[PDB]
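Residue-level listing of the chains:
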Amino acid sequence: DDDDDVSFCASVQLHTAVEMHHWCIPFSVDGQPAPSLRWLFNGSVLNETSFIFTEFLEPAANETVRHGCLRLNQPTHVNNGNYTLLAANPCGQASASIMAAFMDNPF
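Residues numbered from 1 in each chain as written, not as in the entry; some residues may be left out. Heavy atoms only, no water.

## Focus: the environment of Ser44
No. 1: Summarising the element assignment, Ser44 is placed in strand β4 (residues 44-45).
No. 2: For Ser44, a relative accessible area of 42% gives the class partly exposed.
No. 3: Taking the C-alpha atoms as reference points, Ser44 and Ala34, ten residues apart in sequence, are found 23 Å from one another. (Helix = DSSP H or I, 4+ residues; strand = E, 2+ residues; numbered from the N terminus. Buried < 20%, exposed > 50% of the residue type's maximum accessible area, 1.4 Å probe, protein only.)

Okay, structure coming up:
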């Protein structure tokens, strides 16, 4: 009846965005039941674009942690606000918040 008894719930680790033109917010979310990862931006639903994209990198089969980065190839000063990662799986929902400074100087 059980094929996967191991129910690892989702915990969310976020990391400070690294300042470089291609901004990267590295994340680590662990769990075997796959949690839905959603970014919240200033309390509003952040939807990924071609400029702002969530990277899901291939984890090792021996680690329970899923890794990735919210990478912004082309950053915009409207992104200068609060980011929050919500991961929800059957066991539970985890959250971590990241407030990054995307400050542009037009032209």
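Back to the text.
## Things to note about a negative patch on the surface
No. 1: Residues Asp1, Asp2, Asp3, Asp4 and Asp5 make up a contiguous surface patch of negative charge.
No. 2: Looking at the secondary structure, you find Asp1 in the segment before β1 (11-14). (Patch = residues over 30% accessible without salt bridge, like charges linked within 9 Å, V, L, I, M, F, W, Y side chains within 5 Å. Areas by Shrake-Rupley, 256 points an atom, 1.4 Å probe, with all protein chains shown as cover. Salt bridge = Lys/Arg side-chain N within 4 Å of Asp/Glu carboxyl O. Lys, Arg positive; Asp, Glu negative; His and termini not counted. Charge placed at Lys NZ, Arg CZ, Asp CG, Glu CD.)

## Some remarks on the packing of aromatic side chains
No. 1: The final tally for this structure, using the stated rule, is five aromatic pairs.
No. 2: Residues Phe27 and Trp39 carry aromatic rings whose centres are separated by 5.6 Å and whose planes lie at 75 degrees to one another, so their mutual orientation is edge-to-face. With a gap of twelve residues between them, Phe27 in strand β2 (residues 23-30) and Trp39 in strand β3 (residues 36-41) connect regions that are remote in the sequence.
No. 3: For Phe27, a relative accessible area of 1% puts it in the buried group.
No. 4: Relative to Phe56, the ring of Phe27 has its centre 6.4 Å away and its plane inclined at 80 degrees; by these criteria the two rings are edge-to-face. Here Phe27, found in strand β2, pairs with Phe56, found in strand β5 (residues 52-57); they are 29 residues apart in sequence, far enough to count as distant.
No. 5: Take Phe56: its relative accessible area is 45%, and that puts it in the partly exposed class.
No. 6: A connected cluster of aromatic rings, assembled from ring pairs, spans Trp23, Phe41, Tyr83 and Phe102. (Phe/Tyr/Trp six-rings, centres within 6.5 Å; stacked < 30°, edge-to-face > 60°.)

## Here's the deal with the sheet that holds strand β7 (residues 82-88)
Consider a sheet: its strands pair through backbone hydrogen bonds, and that pairing is either parallel or antiparallel.
No. 1: Pairing is antiparallel in the open sheet, where four strands are placed in the order β4-β3-β7-β8. With partners counted over all chains shown, the strands left at the sheet margins are β4 and β8 (93-99), one partner each.
No. 2: When β3 meets β4, the two strands line up antiparallel, connected through two bridges. Looking at the pairing, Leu40 lines up with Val45 of β4. (Pairing = 2+ DSSP bridges.)

## Looking at the pattern of salt bridges
No. 1: Overall, the coordinates contain two salt bridges when judged by the stated rule.
No. 2: With a closest N to O distance of 2.6 Å, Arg38 and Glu48 form a salt bridge. One end of the pair, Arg38, is in strand β3; the other, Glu48, is in the loop between β4 and β5, and ten residues separate them in sequence.
No. 3: A residue is classified by how much of its surface remains accessible, and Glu48, at 40% relative accessible area, is partly exposed.
No. 4: The residue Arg71 makes a salt bridge to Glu55 at a minimum N-O spacing of 2.7 Å.

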